[PDB]
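Report on the structure given below.
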C-alpha cells in the first residue's frame, strides 16, 4: 500500500562544537575577570608561578588565568569564544539599561593582555 519514513533532528549555536569547549577553555575567564571582583584560584595545576610562565612577562598572575585560558583556544573558536563570554555574562549579569557597552571595552582590557580574538582581531583559524 505505502512505505515511507525518515528521522533526524539537531540544534547548535556556534561552529561544530566551539561554544562547547569554548565555555571551558577558550575565553572562559578573561571576561569573567572583569565580571567578577578579582581573579582567584581555580581548576588547573598550571598556577605555580608569580611572573607567570605562559603569560605576558610581568607581575599579573590575574590575567595569566586568561592567557592560560586562551592558550587552550583552538583557532576558529578564539573569536566565537569572545562572542560567547563577552555576551553570556551580559545576559547573566546585570548588563542592561546602558551598562552593557562598558563591558565591551572592559573585555578589551584583558583582550589587549592575552584575550586578542574578536575583541581586537578577527577570524583566523
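Here the Cβ is made from the backbone with ideal geometry for all residues, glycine too, and neighbour counts use every protein chain on show. What follows is calculated from the coordinates using simple rules that are stated; it is not laboratory data.
Here are some notes:
- Counted residues, region 81-107 - those being part of a helix (DSSP H, G or I) and either out of contact with any helix residue (DSSP H, G or I) (no Cβ under 8 Å at 6 or more places or on another chain) or surrounded by 22 or more Cβ atoms within 10 Å (Cβ to Cβ) (or both): 14
- Test result for residue 59, part of a loop (DSSP other than H, G, I, E, B), loosely packed, with under 10 Cβ neighbours inside 10 Å and free of Cβ contacts under 8 Å to residues at least 12 places away in the same chain: no
- Close pairs from region 1-25: first free of Cβ contacts under 8 Å to residues at least 60 places away in the same chain, partner part of a loop (DSSP other than H, G, I, E, B) and surrounded by 10 or more Cβ atoms within 10 Å (Cβ to Cβ), Cβ under 7 Å, at least 6 apart: 21/77; 25/72; 25/73
- The residues in region 29-38 that are buried (at least 19 other Cβ atoms within 10 Å of the Cβ) and farther than 18 Å from residue 104 by Cβ can be counted, and the count is 0.
- Given (1) farther than 24 Å from residue 94 by Cα; (2) exposed (fewer than 13 other Cβ atoms within 10 Å of the Cβ); (3) touching a helix residue (DSSP H, G or I) at 6+ places or on another chain (Cβ under 8 Å), index of the condition residue 45 fails: (3)
- Residue in region 62-73 that is farthest from residue 40 (Cα to Cα), counting only those that are in contact with a helix residue (DSSP H, G or I) (Cβ under 7 Å, 6 or more places away or on another chain) and touching a residue at least 40 places away in the same chain (Cβ under 8 Å): 73
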